[PDB]
């Protein structure tokens, strides 16, 4: 055990006119890829294992610079990423393949 489970999902949302519970919102359009969960918290020295399941219809990236993690998970595939969180801090979990405000970044927090 001990592995985290991060699922990468794509969302193509277009709602020209939202009308629910007496509330109306217009021209909603957002396309994003999300890491679920986005945040991983571990202790310094912890052996980290992240099972990344890419549910996006295309290749997705999973990078954490501080620990030399820069992976590309093929569409519909799963890749287990392992590394030792030998440095305390907050590190961005990001996709090197797509714009960060499309594929939203997450965070790897390594606490003392």
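Residue numbers count along the first chain shown, from 1.
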query	finding
Higher-scoring stretch by recorded Cα B factor average, 21-29 or 94-102	21-29
52-60 versus 65-73 - which carries the larger mean C-alpha B factor in the record	65-73
CA B-factor ranking of residue 111, expressed as a third of its chain	highest
Ranked against its chain, the third holding the CA B-factor of residue 80	highest
Third of the chain, ranked by Cα B-factor, where residue 40 sits	lowest
